[PDB]
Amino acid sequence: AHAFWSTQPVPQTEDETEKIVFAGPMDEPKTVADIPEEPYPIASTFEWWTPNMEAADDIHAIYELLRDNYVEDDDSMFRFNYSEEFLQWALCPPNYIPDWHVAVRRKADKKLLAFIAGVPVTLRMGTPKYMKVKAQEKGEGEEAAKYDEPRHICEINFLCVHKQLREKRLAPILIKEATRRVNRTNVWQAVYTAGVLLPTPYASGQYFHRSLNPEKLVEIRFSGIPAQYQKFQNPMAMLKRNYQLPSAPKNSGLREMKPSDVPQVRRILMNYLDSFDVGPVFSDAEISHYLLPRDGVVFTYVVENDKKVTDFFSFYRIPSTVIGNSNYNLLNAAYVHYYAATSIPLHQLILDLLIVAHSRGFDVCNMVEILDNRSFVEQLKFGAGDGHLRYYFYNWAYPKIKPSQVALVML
């Protein structure tokens, strides 16, 4: 039973989702004028706050809330520690709407108690390929194609309630207020991801991890040692040897991305992403924002051949607080971001990603099995993790799809 989610325009069960054959909205059609102009009511001791996510001090406030209260693993060994610079990057893409960043503060002392963020994204979210085939068979192709045009929607992230305020039904109030503010800007769908199972995902993928600093990963109990290593006189020396990487990239003409690369990177990325059922559409400004290198935040390299960009990869940094081990403060993780290969096999491109991340002091490389991430798991010694990432839409019926049909990376 879901006292809140049962009231929302989402499919309610897996059985319902199994029956969906066309992409389209769930809710009654509404207009901006129908939506309350006033913020959703909240208790008198609380106030709504719209942070300025280009004021250093407001970013710092959000940073502290998330550092102390955001997502942990299931054993509460690690907690995400997104940096202030990362938050500015993630929250302020081109044409972001400041009003979509929603906070709750205690009115008396302005202590930040809760947060949710929305940013604009242009998303292809029309009926998936396998369902369009069925629609053709049945003479229903017009209906199946109705919502094929890329849609300007909201991407929700960073929902967080302070630990001291948990289980008090604040999350539904945050979600309702974010929904109101987005609806007041004539936007009616959202996309979001979560580790937890909610009604009702359109896709779900396992996490994968590639050890870069295995001695540290084992120390902090991120990683275990296969029982088979006990056949060796020295399990750990063998483990280090297993995960060893070259000191320098192998692809000649790999270099960091620069601003003049933007249009070529846009073209090769967009050509690649268009093959997936669900995926973002990026302008030059959005390619520049999401992919140009930013120290400590995002790292992007291109393969240039004959003065042409033919391949690229990107990764972003999210460290996590190591909660229970006093020997290390942080786990330094690199996450596979967008990429495109046209000249070399993907495993050869992504090896250089691992090389660069290792050289820069990263402990592990993480990803979900979206895109063609499965195509280099075995060659590059990624192992499946405990975690999954579930993909959701708000106010959008969508047939179930494999995670290898999803091309949207979520930070």
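Numbering starts at 1 and follows the sequence shown. For the two forms, the rigid core is made up of the largest set of C-alpha atoms that agree within 1.5 Å on superposition.
Rigid core fits of the other structures in 9 other deposited structures of this protein place the C-alpha atoms of one stretch farther away on average; of 85 to 93 and 302 to 310, that stretch is 302 to 310. Farther on average from this form in 9 other deposited structures of this protein lies stretch 69 to 77, the comparison being between 69 to 77 and 167 to 175 by RMS Cα distance after core superposition.
Of the two stretches examined, 39 to 47 and 59 to 67, the record assigns the greater average C-alpha temperature factor to 39 to 47. Annotation for 75 to 83 versus 222 to 230: the higher mean temperature factor (C-alpha) is found in 222 to 230. The PDB entry gives the largest Cα B-factor of the residues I20, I401, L389, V10 to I20. Across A203, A334, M236, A114, the greatest Cα temperature factor reported in the deposited entry is at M236.
When the CA B factors of the chain's modelled residues are split into thirds, the value for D284 lands in the middle one. Split the chain's modelled residues into thirds by C-alpha temperature factor. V32 is in the middle one. Looking at the C-alpha B-factors along this chain, the one for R184 belongs to the middle third. Ranked against the other modelled residues of its chain, the C-alpha B-factor of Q88 as given in the entry falls in the middle third. Split the chain's modelled residues into thirds by C-alpha temperature factor. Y339 is in the lowest one.
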